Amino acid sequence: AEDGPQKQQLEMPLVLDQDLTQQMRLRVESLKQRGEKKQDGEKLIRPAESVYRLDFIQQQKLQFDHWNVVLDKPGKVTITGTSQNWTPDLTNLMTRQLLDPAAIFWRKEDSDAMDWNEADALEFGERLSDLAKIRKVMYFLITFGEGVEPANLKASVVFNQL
């Protein structure tokens, strides 16, 4: 097999999850207004982070091909996946539930080309095929650097269908 254009591929977008993001925002706020301490080991959402969602329209016979992360303005974004054991409806995200490594993408000033941490972005992507088997939905925390917001970002993952 030689890698080529005629391969069945599926592109699955990472969609902003407003209500989960809002739920997490509220959580940090409540903790302040009440002067309460966060849970032992909890991950509190920083204002620059937003929760994204990826719905595996197919879970079996998937092979990670590449990331399709694009910024329409110079900037930087970090995409950190979360454990497939974290069910947002049930618990507050734990720091240990953040997957290592994260995929970091950036666009420098006068160039239009994106660049990223190739080795880690690949390692992370390879994991998605197995994570899809655990459940149809997966959550991510996308950290936006200075100058960029969710509106500037278009992220998706491309899998070759086996």
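Don't overthink the numbering: it's just position in the shown sequence, from 1.
Of the two segments examined, 130 to 138 and 104 to 112, it is 104 to 112 that shows the higher average Cα temperature factor in the deposited entry.
On average the C-alpha atoms of 19 to 27 have higher B-factors than those of the other stretch, with 19 to 27 and 139 to 147 being the two compared. Residue 160: CA B factor in the middle third of modelled residues in this chain (values from the PDB entry).
In this PDB entry, residue 55 carries a Cα temperature factor that places it within the middle third of its chain's modelled residues.
Ranked within its chain, residue 47 lands in the middle third, by CA B factor from the PDB record.
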